[PDB]
């Protein structure tokens, strides 16, 4: 399947799966969550543990605006 882009007004956000599968061997960080995670995602989650927050905790991955968002 293909990567997805989140259409943030300020600039597209690419989500590259290959890098994540390799770097986050604990698949259950994202997969087999109970219901509600598709409806639940948004800016708050993205800027918290949904994206940026995991990058901070794991000490790797983009944490600056322009590293995630790119027109």
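Residue numbers count along the first chain shown, from 1.
- In the PDB entry, a CA B factor belonging to the middle third of its chain's modelled residues is recorded for residue 42.
- Ranked by C-alpha B-factor against the other modelled residues of its chain, residue 19 falls in the middle third.
- When the modelled residues of the chain are ordered by their C-alpha B factor, residue 61 lands in the middle third.
- Remark: residue 4 belongs to the highest third of its chain, ranked by C-alpha B-factor as recorded.
- Looking at the C-alpha B-factors along this chain, the one for residue 11 belongs to the middle third.
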